[PDB]
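Every number here is computed from the coordinates shown, using simple stated rules; none is lab data. Here Cβ is always computed from backbone atoms with ideal geometry, including for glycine, and neighbour counts include all displayed protein chains.
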Amino acid sequence: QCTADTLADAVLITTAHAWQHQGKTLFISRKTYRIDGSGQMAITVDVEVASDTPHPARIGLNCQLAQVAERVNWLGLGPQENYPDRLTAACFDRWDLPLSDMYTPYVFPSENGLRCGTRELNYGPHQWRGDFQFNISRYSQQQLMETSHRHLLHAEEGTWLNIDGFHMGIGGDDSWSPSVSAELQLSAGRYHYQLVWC
Amino acid sequence: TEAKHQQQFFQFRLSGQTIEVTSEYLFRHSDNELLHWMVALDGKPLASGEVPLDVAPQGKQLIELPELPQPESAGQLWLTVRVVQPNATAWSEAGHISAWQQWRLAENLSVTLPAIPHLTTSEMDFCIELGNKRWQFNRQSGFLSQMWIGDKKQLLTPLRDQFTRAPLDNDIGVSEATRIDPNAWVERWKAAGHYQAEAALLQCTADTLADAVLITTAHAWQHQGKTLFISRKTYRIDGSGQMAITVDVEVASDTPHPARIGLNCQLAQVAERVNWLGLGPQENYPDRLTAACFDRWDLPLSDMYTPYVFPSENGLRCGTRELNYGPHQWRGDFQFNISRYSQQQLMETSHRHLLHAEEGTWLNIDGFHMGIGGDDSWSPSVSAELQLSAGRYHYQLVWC
């Protein structure tokens, strides 16, 4: 579905998508975009996950921004990278770091640089507000998946932004068997989050 | 029933498509035991069978189910097993159920898709028509105040948010009659003003979409100038007559976590039966639902009330996808209780024999509900993960 309506003081966009693999519906996403007279775009997301599929790594949004800014400013957890499994050391405050500090250069590339518990994120002219986890870097998730050494990574044209309502734990009791505790898995079946852009 | 389920002498493990049964008996072989199994989409049964149990003390038996059906219709498949004693004993009758277990099998997400309601606005109300149905939103209060089918009214009390419950004995938690406790949940709720919080209207706006009417409201519950909770709701009435309700609630981090987050109304009708698709058939709570089974349940309205001698919050059913009272249907993922007694009357009445049925039927629908505790009844005993401690909450309801 993709439907647009003009309210008294806003424009309402309603969409719905189904992610499918070989005839089986894995996830369903329903979104409303509300653009008001103050220029802000409020995004509401509701997601249903099939109970028989493995719980997903994350639930969130992803885009590649054209601009490349020098600093990332945000109100959330810690200066350093932190995950729902590994955030007891991070502190809630206003943090300012260069864009390079938002990427952790693990020798074997992988998902990295997430910051949880974030209420506000500033990058260039843009501002996002809500309660989300984010990472921001010059490398897409696909490139990190495909590249076996950090020295072979190449910065992309713009900056990749992932904003997640929910993120699964990282585990770590051992690295040769599943070790993410049951309560850190994305097993709720239904999920909801909200985001305001600019 | 929760005690019976947790203490049962057979334990079950499912590794598709094999049920592994483990006996916790120390001395006796399973010679009076028959395993029944059933697969349902909603119940709505699809398949069933019977397997005799032949397991040694502390032994194991693998039970291979035949090819399970794979319907293309949307919905969740559930497997239920029960151990039945076919022969009577000195202490039980033929057919006694001694153990059971349930699992989720396979889900098919619904991917399919589905006159224009007329909105009339006055300075006191927003009033919507569709054919023979009418909804009335009081613009001063911001709540749905009346609903019509034909010419008959459906509500005696407006549909409003509820954040409190009539305190359980675990909530009162004062062992000696003279030793008052400021740490009891009921005392914290009273001191914070949860039972006296007044709702202040923040916004009430109506818009006419292409095929629906959109009502947006917002309220703030305050006690001596301190905002406790904020509720933001959207009501969407479409051309099929259904009203979709979306609720987002923010809870102040410094207030005690509320007993519940949900809605409450008094219906005019008094029907004889309650039919729901969820956990049952008995009363069950987020703390105490391991014994309840997901199925289609039908009970008289009197069975929806547990007559505790000291009145309190009672009769909740969790994990509910659909609820059918007389003419109405509610769909979502919620907990509900339904009875002839309001929460206020249960709070104020000290003996069950002094309760009097009210004019209509009180309905509480909760997105979220606190645990009941029970490790002891003289200190707080609700674990941290069954408390409503998240800052923000969201739930969705369809009223048809």
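The residues listed here are B:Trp100, B:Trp91; of these, the one that is in contact with a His (Cβ under 9 Å, 6 or more places away or on another chain) and aromatic (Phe, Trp, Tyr) is B:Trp100.
For segment A:148-194, residues that are assigned to a helix (DSSP H, G or I) and away from every other protein chain (no Cβ under 14 Å) total 3. Put simply, of B:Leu386, B:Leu363, B:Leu355 the only residue that is among the aliphatic types (A, V, I, L, M) and touching a strand residue (DSSP E or B) at 6+ places or on another chain (Cβ under 6 Å) is B:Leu363.
On the stretch given as segment B:215-231, residues that are closer than 27 Å to A:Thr6 by Cβ, buried (at least 18 other Cβ atoms within 10 Å of the Cβ) and not polar (S, T, N, Q) total 2.
Counting only residues that are among the hydroxyl-bearing types (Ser, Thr, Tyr) and within 14 Å of A:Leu12 (Cβ to Cβ), which one in segment B:203-217 is nearest to the other protein chains (Cβ to nearest Cβ)? Here the residue is B:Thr205.
If the condition is being among the polar types (S, T, N, Q), part of a strand (DSSP E or B) and surrounded by fewer than 17 Cβ atoms within 10 Å (Cβ to Cβ), then segment B:195-214 contributes B:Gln203, B:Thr205. Would you check which residues across segment B:238-255 are within 18 Å of B:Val213 (Cβ to Cβ), of a type outside the set (A, V, I, L, M) and in a strand (DSSP E or B) and list them? Within segment B:238-255, B:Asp238, B:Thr246 meet the criteria. Residues in segment A:182-191 that are within 17 Å of the chain's Cα centre (by Cα) and more than 13 Å from A:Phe27 (Cα to Cα): A:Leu184, A:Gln185.
Restricting segment B:92-114 to residues that are away from chain A (no Cβ under 14 Å), surrounded by 11 or more Cβ atoms within 10 Å (Cβ to Cβ) and not aromatic (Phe, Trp, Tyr), which is farthest from B:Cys400 (Cα to Cα)?
For segment B:92-114, the residue satisfying everything is B:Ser92.
Checked against (1) within 15 Å of the chain's Cα centre (by Cα); (2) within 14 Å of chain B (Cβ to nearest Cβ); (3) farther than 28 Å from A:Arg30 by Cβ, A:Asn122 passes all but condition (2).
Could you look through segment B:65-100, keep only residues that are of a type in the set (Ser, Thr, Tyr) and under 30 Å from the mean Cα position of the chain (by Cα), and pick out the one that is farthest from B:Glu20 (Cα to Cα)? Taking the candidates together, the pick is B:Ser73. Given the options B:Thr234, B:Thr290, name the one that is of a type outside the set (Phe, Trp, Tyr), in a strand (DSSP E or B) and surrounded by fewer than 20 Cβ atoms within 10 Å (Cβ to Cβ). One residue alone meets the criteria, B:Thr234. Please indicate, with yes or no, whether at least one residue in segment B:139-147 is within 14 Å of chain A (Cβ to nearest Cβ), among the hydrophobic types (A, V, I, L, M, F, W, C) and part of a strand (DSSP E or B). Looking for residues that are within 14 Å of chain A (Cβ to nearest Cβ), among the hydrophobic types (A, V, I, L, M, F, W, C) and part of a strand (DSSP E or B), one finds none in segment B:139-147, hence no. Residues in segment A:31-68 that are facing another protein chain (nearest Cβ under 10 Å) and part of a strand (DSSP E or B): A:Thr32, A:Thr44, A:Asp46, A:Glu48, A:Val49. Has segment A:32-40 got any residue that is of a type in the set (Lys, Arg), farther than 20 Å from A:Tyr123 by Cα and surrounded by 12 or more Cβ atoms within 10 Å (Cβ to Cβ)? Within segment A:32-40, one or more residues are of a type in the set (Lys, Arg), farther than 20 Å from A:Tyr123 by Cα and surrounded by 12 or more Cβ atoms within 10 Å (Cβ to Cβ).
Consider segment A:1-19 and keep the residues that are facing another protein chain (nearest Cβ under 8 Å) and either closer than 16 Å to A:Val45 by Cα or among the polar types (S, T, N, Q) (or both). The one that is farthest from the chain's Cα centre (by Cα) is A:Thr3.
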